[PDB]
Amino acid sequence: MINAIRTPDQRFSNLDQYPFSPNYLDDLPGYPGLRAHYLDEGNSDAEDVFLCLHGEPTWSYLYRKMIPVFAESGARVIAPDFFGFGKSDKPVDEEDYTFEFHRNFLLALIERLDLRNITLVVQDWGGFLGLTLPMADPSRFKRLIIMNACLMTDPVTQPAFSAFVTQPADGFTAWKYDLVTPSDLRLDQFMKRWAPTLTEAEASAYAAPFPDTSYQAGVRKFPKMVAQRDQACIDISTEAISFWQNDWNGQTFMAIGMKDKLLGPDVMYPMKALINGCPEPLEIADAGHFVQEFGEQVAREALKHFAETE
Ligand SMILES: [Cl-]
């Protein structure tokens with residue numbers, strides 16, 4: 001029904017440090033005919049599930065240094081690829097991707113796999129979407145690991161969650177320009193700019209899912225949805241603020257990539273106050289937006305904080 005395309009499997013032959021086996025679902029309710037890929041690592045019977053959500057313009061490859069730490073801890077880790085990214089199917093028109101399309105795909109996945117005792121791991125889009133998930137079924141979520149992300153609320157309710165779209169010129173403005181304007185978007189070049197410590201091989205794993213522009217619709221829509229928040233996103237993100245401030249009673253661990261021009265401290269301190277019980281953030285001086293690239297520190301500290309209360 002949704003015209004979609006699928007990345008050829010050979011594009012992923014030569015991946016650097018990505019030894020995880022694929023799992024796919026093509027029978028989700030509301031997602032007829034679309035195949036979603038997700039990693040399922042560690043013990044499939046563990047009590048704890050770390051649900052690892054990625055953002056723009058990445059994929060589950062992003063969580064590759066953190067996955068083995070969470071798995072060795074005894075947890076089951078689920079790291080799905082949103083449709084339009086990684087190894088899931090990719091709808092061809094940008095009009096098909098909406099906040100709820102991706103949100104509902106997450107609640108569907110979660111119900112489909114019946115995930116319980118979830119430690120939500122978010123950053124960017126994975127947090128814009130992922131932070132509005134617990135209020136939907138509070139009982140299945142028990143901890144949160146939040147790296148640079150916030151809620152897509154209206155400007156008046158939280159100016160901090162909106163100011164970054166316009167200032168500074170080299171933060172979000174540049175990021176969106178680099179993503180929506182080029183008629184020939186090279187994701188390996190994009191990633192090396194925004195994540196300067198990546199090796200060539202790593203950079204190239206981020207361009208792996210997209211052979212040509214035709215597979216990039218999902219990638220182009222995300223930034224435009226940060227810029228143009230529709231009513232449903234606004235409503236639902238507004239309502240999640242209340243959930244984190246008042247309803248939330250789990251364990252949280254926050255890690256800020258200090259060099260992030262997009263969602264660094266001016267956005268993370270504010271988020272930290274709205275999340276009940278959130279503790280002092282772990283500032284990682286050398287990390288930019290992709291906190292995950294400095295991921296192992298994050299995973300072991302989180303697990304250390306979490307054990308120190310369990
Ligand atoms: Cl974005």
# chains A, B, ... in the order shown; residues from 1 in each chain; ligands from 1

call {"tool": "select_by_dssp", "arguments": {"residues": "range 117-301 of chain A", "states": "helix (DSSP H, G or I)", "output": "ChimeraX atom specification"}}
result
/A:124-130,134-136,138-140,160-163,172-180,187-194,200-207,213-215,217-227,231-247,265-274,291-301

call {"tool": "residues_near_ligand", "arguments": {"ligand": "ligand 1", "cutoff": "12 Å", "atoms": "only C-alpha atoms and all ligand atoms", "output": "ChimeraX atom specification"}}
result
/A:54-58,99,123-129,149,152,164-165,171-180,218-229,262-263,289

call {"tool": "write_last_selection", "arguments": {"atoms": "C-alpha atoms", "output": "short mmCIF file (atom, residue, chain, number, x, y, z; two decimals), in the first residue's frame"}}
result
data_model
loop_
_atom_site.label_atom_id
_atom_site.label_comp_id
_atom_site.auth_asym_id
_atom_site.auth_seq_id
_atom_site.Cartn_x
_atom_site.Cartn_y
_atom_site.Cartn_z
CA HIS A 54 18.54 5.46 16.77
CA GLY A 55 17.93 8.80 15.05
CA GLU A 56 18.75 10.83 11.92
CA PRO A 57 20.38 9.72 9.66
CA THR A 58 21.54 6.57 11.33
CA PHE A 99 5.72 11.43 13.65
CA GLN A 123 19.23 9.95 21.46
CA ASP A 124 17.94 12.30 18.77
CA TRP A 125 14.86 10.98 16.88
CA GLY A 126 15.06 7.88 18.90
CA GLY A 127 14.32 10.13 21.93
CA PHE A 128 11.80 12.47 20.24
CA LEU A 129 9.73 9.33 19.51
CA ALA A 149 17.40 14.43 22.83
CA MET A 152 9.15 18.05 20.13
CA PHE A 164 18.03 25.40 18.59
CA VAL A 165 16.28 25.18 15.19
CA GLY A 171 24.02 23.87 14.65
CA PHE A 172 20.65 22.59 13.47
CA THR A 173 20.42 25.03 10.57
CA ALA A 174 23.61 23.54 9.04
CA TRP A 175 22.54 20.04 9.84
CA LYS A 176 19.17 20.41 8.09
CA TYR A 177 20.86 22.23 5.16
CA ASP A 178 23.35 19.31 4.72
CA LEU A 179 20.48 16.80 4.73
CA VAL A 180 17.63 18.30 2.64
CA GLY A 218 13.06 8.90 5.32
CA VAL A 219 16.38 10.63 5.75
CA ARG A 220 15.07 13.82 4.14
CA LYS A 221 11.81 14.02 6.11
CA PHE A 222 13.22 13.87 9.64
CA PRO A 223 14.83 17.26 9.71
CA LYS A 224 11.77 18.85 8.19
CA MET A 225 9.72 17.36 10.99
CA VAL A 226 11.96 19.05 13.58
CA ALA A 227 11.31 22.39 11.75
CA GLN A 228 7.55 21.81 11.12
CA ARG A 229 5.96 20.00 14.08
CA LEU A 262 22.19 20.83 18.39
CA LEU A 263 21.19 19.32 21.67
CA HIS A 289 25.72 14.67 18.79
#

call {"tool": "residues_around", "arguments": {"residues": "residue 194 in chain A", "least_positions_apart": "3", "cutoff": "8 Å", "atoms": "only C-alpha atoms", "output": "ChimeraX atom specification"}}
result
/A:190-191,288-290

call {"tool": "write_last_selection", "arguments": {"atoms": "N, CA, C and O atoms", "output": "CSV table (one decimal), in the first residue's frame"}}
result
chain,number,residue,atom,x,y,z
A,190,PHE,N,28.6,13.1,5.3
A,190,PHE,CA,27.8,13.8,6.3
A,190,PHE,C,28.3,13.4,7.7
A,190,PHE,O,28.5,14.2,8.6
A,191,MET,N,28.4,12.1,7.9
A,191,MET,CA,28.8,11.5,9.2
A,191,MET,C,30.2,11.9,9.7
A,191,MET,O,30.5,12.0,10.9
A,288,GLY,N,30.2,14.6,20.5
A,288,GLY,CA,29.4,15.5,19.8
A,288,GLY,C,27.9,15.0,19.9
A,288,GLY,O,27.5,14.4,20.9
A,289,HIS,N,27.1,15.1,18.8
A,289,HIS,CA,25.7,14.7,18.8
A,289,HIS,C,25.6,13.2,18.9
A,289,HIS,O,24.7,12.6,19.6
A,290,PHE,N,26.5,12.4,18.2
A,290,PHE,CA,26.4,11.0,18.2
A,290,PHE,C,27.2,10.4,19.5
A,290,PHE,O,28.2,9.8,19.4

call {"tool": "closest_residue", "arguments": {"among": "A:8, A:266, A:28, A:118", "to": "residue 138 in chain A", "atoms": "only C-alpha atoms"}}
result
A:118

call {"tool": "residues_around", "arguments": {"residues": "residue 282 in chain A", "least_positions_apart": "2", "cutoff": "8 Å", "atoms": "only C-alpha atoms", "output": "list in words"}}
result
residues 254, 255, 256, 280 and 284 of chain A

call {"tool": "residues_around", "arguments": {"residues": "residue 283 in chain A", "least_positions_apart": "6", "cutoff": "12 Å", "atoms": "only C-alpha atoms", "output": "list in words"}}
result
residues 147, 148, 253, 254, 255, 256, 257, 258, 259, 260, 264, 265, 268, 269, 291, 294, 297, 298 and 301 of chain A

call {"tool": "closest_residue", "arguments": {"among": "A:169, A:109, A:121, A:299", "to": "residue 36 in chain A", "atoms": "only C-alpha atoms"}}
result
A:109

call {"tool": "residues_around", "arguments": {"residues": "residue 82 in chain A", "least_positions_apart": "6", "cutoff": "9 Å", "atoms": "only C-alpha atoms", "output": "ChimeraX atom specification"}}
result
/A:36-38,53-55,59-60,88-90,102,105-106,218

call {"tool": "closest_residue", "arguments": {"among": "A:166, A:43, A:17, A:23", "to": "residue 64 in chain A", "atoms": "only C-alpha atoms"}}
result
A:17

call {"tool": "closest_residue", "arguments": {"among": "A:204, A:2, A:63, A:292", "to": "residue 84 in chain A", "atoms": "only C-alpha atoms"}}
result
A:2

call {"tool": "closest_residue", "arguments": {"among": "A:83, A:47, A:276, A:62", "to": "residue 101 in chain A", "atoms": "only C-alpha atoms"}}
result
A:83

call {"tool": "closest_residue", "arguments": {"among": "A:200, A:212, A:114, A:41", "to": "residue 7 in chain A", "atoms": "only C-alpha atoms"}}
result
A:212

call {"tool": "atom_distance", "arguments": {"atom1": "CA of residue 203 in chain A", "atom2": "CA of residue 145 in chain A"}}
result
24.6 Å
